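Visitor: Counting in the deposited numbering, the sequence shown tops out at residue 97, every number present. Ideal Cβ placement from N, Cα and C applies to all residues, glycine included.
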Amino acid sequence: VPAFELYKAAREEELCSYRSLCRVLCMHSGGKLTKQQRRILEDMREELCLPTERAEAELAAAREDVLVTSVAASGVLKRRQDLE
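(1) For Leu63, which of helix, strand or coil comes out of DSSP?
(2) Do you know offhand how far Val81's Cα is from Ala70's?
(3) Candidates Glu55, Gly44, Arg67 and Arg93: which alpha carbon is nearest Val79's?
(4) Of the residues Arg51, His41, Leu61 and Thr65, which one's Cα is nearest the Cα of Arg92?
(5) According to the Cβ coordinates, are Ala68 and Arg52 closer than 8 angstroms?
(6) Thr82 by DSSP, collapsed to three states: which one?
(7) Determine the closest residue to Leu28 out of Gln94, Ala85, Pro64 and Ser83, with distance taken between C-alpha atoms.
(8) Quick one: give me the first and last residue of the alpha helix (DSSP H) that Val14 is part of.
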């Protein structure tokens, strides 16, 4: 594999991993993030070398995603004993 393909596969995973991080932390917090959750996002931004404009974009997107908000609304994640 040429280096540019490897970078591309890795870059896209970096950004996917951040995306799924925003959605999921918003599913739990209903978008209003704990200090730990903020620190996880902040640390991964630096780990993954993410421009904050893109990073704020993913967080903004996850906050308003319909699945994300429905899961926060349903409260199922607070009820794991019923569903597991």
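Guide: Taking the geometry as given:
(1) coil
(2) 15 angstroms
(3) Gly44
(4) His41
(5) no
(6) helix
(7) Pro64
(8) Counting along the chain, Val14 falls outside any alpha helix (DSSP H), and DSSP gives it neither H nor E.
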